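**Student:** My structure is below; once you've seen it, I'll send some questions.
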Amino acid sequence: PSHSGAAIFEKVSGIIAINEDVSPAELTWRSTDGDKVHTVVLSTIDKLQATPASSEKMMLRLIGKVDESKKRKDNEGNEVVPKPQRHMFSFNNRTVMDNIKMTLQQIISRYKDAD
Amino acid sequence: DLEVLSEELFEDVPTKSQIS
Numbered sequence: 001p002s003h004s005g006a007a008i009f010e011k012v013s014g015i016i017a018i019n020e021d022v023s024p025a026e027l028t029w030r031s032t033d034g035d036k037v038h039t040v041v042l043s044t045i046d047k048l049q050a051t052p053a054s055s056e057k058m059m060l061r062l063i064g065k066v067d068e069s070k071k072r073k074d075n076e077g078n079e080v081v082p083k084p085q086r087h088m089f090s091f092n093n094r095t096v097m098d099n100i101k102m103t104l105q106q107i108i109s110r111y112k113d114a115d
Numbered sequence: 661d662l663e664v665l666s667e668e669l670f671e672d673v674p675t676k677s678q679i680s
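Chains as they are written, first to last, in the authors' numbering: chain A, 1 to 115; chain B, 661 to 680.
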C-alpha cells in the first residue's frame, strides 16, 4: 500500500506504484485505462515536491536534475539553458499522497543516508 | 472539470542532505 497510490499525470488519471525493491528505488505512474505509464528514478529525482499539509491540495511531484550548468547560446545570441524535468502527479486523496509522499521520502533519505 | 487546481501553493517536502 505504502509503495503504491493513484495520481494524475498530464491530465490523465492513473496509478502511481513505487518499487522499493530496486536500488535506486523507482516510481511508476500507469494510466487507469492503460494508455501509458511514466517511470521515475527517485535517485535521478533532483528532489521530491508535494503539496503542504496546510493545503487541502493533494498532489505529489518529483523534480529531475537539469543540465543548467551549460546555459549558453547557439550562435544568434539566443538562449538554450536546458530546462528542468519534474514529474507532477495530482492525487485525489490526501491519504494516498500522505502514504506516497512518505514512501518516496522514506527511500530518498536512504540515498543521502547512504550517500 | 475545466480548471480547478492550484500549482502556486505547492511546497517542497523535507529530505535529508542538501546538495542544491
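Here a beta-carbon is modelled for each residue, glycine too, at the ideal position from N, C-alpha and C.
Suppose you measure from the CA of A:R86 to the CA of A:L60; what does that come to, to the nearest Å?
**Tutor:** 11 Å
**Student:** Measuring alpha carbon to alpha carbon, tell me which residue in A:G14, A:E79, A:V12, A:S23 is nearest A:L104.
**Tutor:** A:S23
**Student:** Can the beta-carbon of A:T28 be found closer than 8 Å to that of A:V37?
**Tutor:** yes
**Student:** By the 10 Å Cβ neighbour count, where 16 or more other Cβ atoms means buried, how is A:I107 classified, buried or exposed?
**Tutor:** buried
**Student:** Should A:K71 be flagged as near chain B, meaning a C-beta pair shorter than 8 Å?
**Tutor:** no
**Student:** In terms of alpha-carbon separation, which member of A:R94, A:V40, A:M58, A:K65 lies closest to B:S680?
**Tutor:** A:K65
**Student:** Taking DSSP's pairing of strands, which residues face A:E26 in a bridge?
**Tutor:** A:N19
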